[PDB]
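Shown below, as structure tokens, is a lone chain in the form solved without the DNA; questions about how it binds or moves come after it.
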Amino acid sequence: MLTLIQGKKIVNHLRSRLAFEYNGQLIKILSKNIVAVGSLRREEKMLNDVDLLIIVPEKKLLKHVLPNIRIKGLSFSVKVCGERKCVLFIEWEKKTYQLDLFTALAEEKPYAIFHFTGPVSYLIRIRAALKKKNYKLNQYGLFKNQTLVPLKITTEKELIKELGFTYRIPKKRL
């Protein structure tokens, strides 16, 4: 549908035009909390849809960016995807595409980026892998016998060593 260039051009502008409506007020967001997922992180050439990751550093703003969040006067449709995911239908050049954005906590930063950069297949392969050790890896942390355990990392390469795994690339899969 869209090429690597397209998705890059839009997101580049879109991450500088993004904002959210808090308490009725308008609050712009900075690209610092906006990462382009999909062909951009998978190093592909032509995607089918564009994914986007937005991290929030507050235990408030994390859920207050959820009510109203969007661009300034554009053609989009805000719908709910799954349980916690969100999807928007934007229109460009008289065409309509699907935008899937994901908002998470700063503490989940390494967990989320890794999750969205690697192949789902590998992720489960890792899920069970951890269960075998009596561990459940979720986006909110690590569950040990129903006991949630927090993380002590914030880097993509720190998370892998903290987990005891090697960094993988979607390009090769698993």
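All residue numbers refer to positions in the sequence shown, first residue = 1.
Omitted here: the form deposited with the DNA bound. The next part is about that form.
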{"property": "Contact label in the deposited complex: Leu74 to the DNA, heavy atom within 4.5 Å", "result": "no"}
{"property": "The DNA contact at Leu30 in the deposited complex, heavy atom, 4.5 Å", "result": "no"}
{"property": "The DNA contact in the deposited complex: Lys144, any heavy atom under 4.5 Å", "result": "no"}
{"property": "Close approach of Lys95 to the DNA in the deposited complex, 4.5 Å, heavy atom", "result": "no"}
{"property": "Interface residues of 125-163 toward the DNA, as seen in the deposited complex [heavy atoms, 4.5 Å]", "result": "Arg127, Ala128, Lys131, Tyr135, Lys136, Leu137, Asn138, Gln139, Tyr140"}
